[PDB]
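K.L.:
Structure provided below as structure tokens; questions to follow.
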Number of protein chains: 4
Amino acid sequence: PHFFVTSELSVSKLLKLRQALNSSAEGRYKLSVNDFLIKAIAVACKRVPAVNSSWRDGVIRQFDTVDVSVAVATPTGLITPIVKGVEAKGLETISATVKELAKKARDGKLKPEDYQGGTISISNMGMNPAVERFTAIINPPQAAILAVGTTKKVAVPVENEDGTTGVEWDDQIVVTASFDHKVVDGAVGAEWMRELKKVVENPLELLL
Amino acid sequence: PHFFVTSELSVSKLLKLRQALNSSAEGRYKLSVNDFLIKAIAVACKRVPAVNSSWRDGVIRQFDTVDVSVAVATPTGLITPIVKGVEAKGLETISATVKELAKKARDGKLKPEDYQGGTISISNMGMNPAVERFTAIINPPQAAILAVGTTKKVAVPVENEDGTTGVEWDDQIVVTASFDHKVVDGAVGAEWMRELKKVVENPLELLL
Amino acid sequence: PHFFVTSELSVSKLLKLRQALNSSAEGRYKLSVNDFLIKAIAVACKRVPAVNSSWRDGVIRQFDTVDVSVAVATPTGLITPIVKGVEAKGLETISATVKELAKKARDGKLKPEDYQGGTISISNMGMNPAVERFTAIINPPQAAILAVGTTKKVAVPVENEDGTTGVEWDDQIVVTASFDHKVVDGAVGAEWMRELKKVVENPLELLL
Amino acid sequence: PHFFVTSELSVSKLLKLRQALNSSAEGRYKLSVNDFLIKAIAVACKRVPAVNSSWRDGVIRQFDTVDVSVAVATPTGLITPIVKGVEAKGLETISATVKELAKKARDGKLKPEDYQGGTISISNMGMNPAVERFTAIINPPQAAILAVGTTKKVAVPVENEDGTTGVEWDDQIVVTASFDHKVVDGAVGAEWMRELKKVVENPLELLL
């Protein structure tokens, strides 16, 4: 039994900072927004340990550390590469590890210890238009799986009192979050979502 | 097998009237928007009796009266206090009964006859940001369960021919409605949703 | 196990062309937007054959041709009239066949070979307000079922550099797409959705 | 035999970000500039492992992880509390751990496993005026010890072509760095200093 948590999330600050940091990238790495998202979900899963947990048969094993089983679509299908100790990783570690693992998934294979649904399962379709949102199924060894739709620029009130509400156009992804609903719950799921959104909206705390 | 009915709903009129009525509140009560929503879902469940029904084993028992099993999140978990005969109640009856029952759920306990999923199950996360919408699971003794996301102020065309479409910013909650799909159906579910939205949008008919 | 693909879709071009073509209608037919949508989903199911397939017990039978089991709500319930070889049909064939079949469903009956969930199951609530989106359940003999919410006019950036982003108000339906998830997958489902959206957004390719 | 590496370092960006983050502090923590410096020296000691090393009798043991033996002046004398795995810590972990450890040093005692000169010895007199710089002695179990003078606001060319060089006043600490000179060397010491200065000057990379 799965419940869905749907949460928009602006990115313009994080897009700006990724731009400035991929400028700061010397060709040394490619920072995808997803790398910051991976470190941010690491931050939030440390923040909310219920997400970085797993449905054990009798109990729910909660994982102190967080890794991410990012899911990469592959010609084979869906490979879920596991990026380990993200919260203690770097983020170019996230960068290379994500691109390396997706490479080894589509190009070669990953060894089976790469597909653990580790404490959190992430499927990202931010790059995929026509899905501003979409829903997946939680892994049985998961606690909750997160899916991200595509980025949209939308009308937003602009504080400016000259154009009082005004029309100000924000980039943002509204995401869905499928939850196994017994290992994790709607309140904690939404709160983890808000942790994620907070840390993402300003990379300044994601710096930390 | 559950189907989901997703329905935005403006509130600005009802927010205005709640403000004016909580001004009219002499400290005698606190009218939450949810109290008006409870009376409004009572109105709509009398309007659409399929919602205020229950999946009996062989049949679907349809309930003439409507009560609401509002669901209150509790330190224990989810308590679903039952507010009885809402359609014939007052609304400060709704006010106090909802706050009293949530109190006795989080603070003490409610006696078990308070958790009946009575004819309608309501979970409200209007107060909870980062969930503009979310989906729940229908109670087996329910017919359909309703979930409300948070309120959002959004760009809206303003009729004014000077700013022709213009940008006019409306508060509204888009809600999801999980339906057991055999006791209740998509057409009747959506129509009950529209009944609810109609009665809510203007409290003038909710007065009645 | 079903996954949901949610996709907005503007219509203003197709609304314009339907208007011009129902002007071009001499009373000879009534072209509902849904007729163009039926030819467009035929186009996309030829484009994406995974959708116009069926869950066989052992395998997934993929259907070269596409028909549509459009679903018509009936006083009996949901009749799913089958419109055959849509991709090779006309569109006034679509027009009359859809209206004729809905007629025979609500008025009389359709003979049972009209309810096959043929290669694609379509439920349309574009005409139904208060459901900008909604989700259904895939037919077992289906591969994926599509549901369309209602049309909404929304704030949209207008390119004009005078009103730089400006506020420009577009009609569009955001649709959900419930997928059986083993006969069909999220990537192919979303891509079929984008095929559909592309062909719909400009009827010029839907002409073909 | 010790050599000294002297390096100014602007702070205004990091002062701004600490201000904004101690505004972001909800009373939850106090972020001293030294906490960011501790995470930054962790970053640089991972960056330059020669600093987070120790003079073993025959060899130099280089430490993969970095901790910091921050030194706190105490009524007893100099307590060198050890903050462990800083590079994998948080920074409010740094915040509380530094203030807690200094507290337990001046107020109570730290248990002896708190004074290890762990991989790096830091003495900070940024808070101490009249020492814009000062030099210390490397711990024998250290590889290099770092000392920071006080912050000074100084005349700086301002790019502005109106006031062409102009006079623009920057806050900065010039630091000394005493090095045991056989476990570590002038080139690597200065380069570690530049790593430190780079990561500090913009907390954006210190975010990571």
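K.L.:
Summing -39500 (n - 2.57) over the DSSP H runs of n ≥ 4 in the protein assembly as shown and dividing by its residue number, what mean residue ellipticity at 222 nm do you reach, to the nearest 500 deg cm²/dmol? Let's see the in-between values first.
P.N.:
Values: 20 runs with 252 residues, N = 832.
Helices in the protein assembly as shown give a 222 nm mean residue ellipticity of -9500 deg cm²/dmol.
K.L.:
Hey, another quick one. In degrees between 0 and 90, to the nearest 10, how far off the longest principal axis of chain B does helix B:12-24 point, with axes built from Cα atoms?
P.N.:
80 degrees
K.L.:
To continue, here is another question. Could you pull the copy-to-copy label distances for C:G85, with points set 7 Å along Cα to Cβ, in nm to one decimal and sorted shortest first?
P.N.:
Label point to label point, same position, other copies: 6.5, 6.5, 6.9 nm.
K.L.:
Ignore the peptide's own chain and count Cβ atoms of other chains within 10 Å of each Cβ in C:167-175; give me the average, rounded. Intermediate values should be presented prior to the final figure.
P.N.:
On the way: counts 14, 3, 8, 0, 0, 0, 0, 3, 1.
Partner Cβ neighbours, averaged per residue: 3.
K.L.:
Now for a separate question. How high is the FRET efficiency between B:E100 and C:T76 when r is their beta carbon distance and R₀ equals 35 Å, given to the nearest 0.05?
P.N.:
Details: r = 46 Å, r/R0 = 1.31.
With a Förster radius of 35 Å, E is 0.15.
K.L.:
Now for a different question. Taking 8 Å as the Cα distance limit and 6 or more residues as the minimum spacing, I'd like the relative contact order of the stretch D:57-208 as a percentage.
P.N.:
On the way: 268 pairs, mean separation 26.1, N = 152.
Here the relative contact order equals 17 percent.
K.L.:
With the Cα gyration tensor of the protein assembly as shown giving a ≥ b ≥ c as the square roots of its eigenvalues, does the rule (a/c under 1.5 for rounded; else a/b larger than b/c for prolate; else oblate) give rounded, prolate or oblate?
P.N.:
Working: a/c = 2.09, a/b = 1.80, b/c = 1.16.
Prolate, since a/c reaches 1.5 and a/b exceeds b/c.
K.L.:
To continue, here is another question. Pairs of alpha-carbon atoms within less than 8 angstrom and 6+ residues apart define the contacts here; what relative contact order does the stretch B:50-94 have, in percent? If you can, show how the numbers build up before the last one.
P.N.:
On the way: 52 pairs, mean separation 12.4, N = 45.
The normalised contact order for the stretch B:50-94 reaches 27 percent.
K.L.:
Let me test this: with uniform point scatterers at the alpha carbons of the stretch C:47-161, what is the Debye-based log₁₀ I(q)/I(0) at q = 0.18, 0.20 1/Å?
P.N.:
For the stretch C:47-161, the Cα-only Debye profile gives -0.96, -1.12.
K.L.:
Using only alpha carbon pairs under 8 Å that are at least six residues apart, calculate the relative contact order of the stretch C:154-208 and give it in whole percent.
P.N.:
Details: 31 pairs, mean separation 10.2, N = 55.
About 18 percent, as a whole number.
K.L.:
Once amide H atoms are placed 1.01 Å from N in the peptide plane, what residues at a sequence separation of 5 or more from C:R61, or on another chain, have their amide H within under 5 Å of its amide H?
P.N.:
Amide H to amide H, under 5 Å and 5 or more residues apart or across chains, C:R61 pairs with C:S54, C:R56.
K.L.:
Within a 10 angstrom radius of each residue's Cβ in A:185-194, how many Cβ atoms of other chains show up on average? Whole number is fine. Can you show the working numbers first?
P.N.:
Values: counts 3, 11, 6, 0, 3, 8, 3, 1, 5, 4.
Average neighbour count from other chains, rounded to a whole number: 4.
K.L.:
Sort the stretch B:23-78 into rounded, prolate or oblate with this rule: let a ≥ b ≥ c be the square roots of the eigenvalues of the Cα gyration tensor; rounded if a/c is under 1.5, and if a/c is not under 1.5, prolate when a/b is larger than b/c, oblate otherwise.
P.N.:
Numbers: a/c = 4.06, a/b = 1.62, b/c = 2.51.
Verdict is oblate for the stretch B:23-78.
K.L.:
Write down the radius of gyration of the stretch B:94-196 and its Dmax, each obtained from C-alpha positions, in Å.
P.N.:
17.8, 59
K.L.:
For C:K111, list the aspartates and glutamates whose Cα falls under 15 Å from its own Cα; do not include residues on the same chain fewer than 8 positions away.
P.N.:
Filter leaves C:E100.
K.L.:
In sequence order, what are the phi-derived ³J(HN,Hα) couplings for the stretch D:113-124 according to the Karplus relation 6.51 cos²θ - 1.76 cosθ + 1.60 with θ = phi - 60°, rounded to whole Hz, with x for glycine and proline?
P.N.:
6, 9, 10, 8, x, x, 6, 7, 10, 10, 10, 10
K.L.:
Another one. Quick one: what are the phi-derived ³J(HN,Hα) couplings along the stretch D:102-107, Karplus 6.51/-1.76/1.60 with θ = phi - 60°, whole Hz, x for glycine and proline?
P.N.:
With the stated coefficients, the stretch D:102-107 comes to 4, 4, 5, 7, 6, 6 Hz.
K.L.:
Quick check on chain C: what does the Kirkwood estimate of hydrodynamic radius come out to from the alpha carbon pairs, in Å?
P.N.:
On the way: mean 1/r = 0.0575 Å⁻¹.
Hydrodynamic radius (Kirkwood, Cα only) of chain C equals 17.4 Å.
K.L.:
Ranked highest first by the average count of other Cβ atoms within 10 Å around their residues, in what order do B:195-205, B:10-20 fall? Don't jump to the answer; show the numbers that get you there.
P.N.:
Values: B:195-205: 18.4, B:10-20: 16.3.
Top to bottom by mean Cβ count within 10 Å: B:195-205, B:10-20.
K.L.:
While we're on this one: Given the pairs A:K39/A:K84; D:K13/D:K89; A:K13/D:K198, which are separated by over 18 angstrom at their Cα positions?
P.N.:
Flagged as over cut-off: D:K13/D:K89; A:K13/D:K198.
K.L.:
Under 5 Å between amide H atoms, partner at least 5 residues away or on a different chain: which partners does D:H181 have, H built in plane at 1.01 Å?
P.N.:
Here the answer is D:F3, since their amide H atoms fall under 5 Å of that of D:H181.
K.L.:
Just subtract the alpha-carbon distance of B:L207 and B:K182 from 0.36 nm times their residue separation and send over the number in nm, one decimal. Before the final figure, lay out each step's value.
P.N.:
On the way: separation 25, 0.36 × 25 = 9.00 nm, distance 3.27 nm.
That works out to 5.7 nm of additional length.
K.L.:
While we're on this one: How would you classify the stretch A:55-100 from its alpha-carbon gyration tensor, with a ≥ b ≥ c the square roots of the eigenvalues: rounded for a/c under 1.5, else prolate if a/b is greater than b/c, otherwise oblate? Provide the component values of the computation, followed by the final result.
P.N.:
Values: a/c = 5.54, a/b = 1.26, b/c = 4.40.
Oblate.
K.L.:
Output the direction-averaged projected area (hull surface divided by four) of the convex hull of the alpha-carbon atoms of the stretch D:136-208, in nm². Numbers along the way, then the final one.
P.N.:
Values: hull surface 26.9 nm².
Over all viewing directions, the stretch D:136-208 projects a mean Cα-hull area of 6.7 nm².
Every read-out reported here was derived from the displayed coordinates using simple, explicitly stated rules and does not represent laboratory data. So basically every Cβ, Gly included, is an ideal-geometry build from the backbone, and we count neighbours across all protein chains shown.
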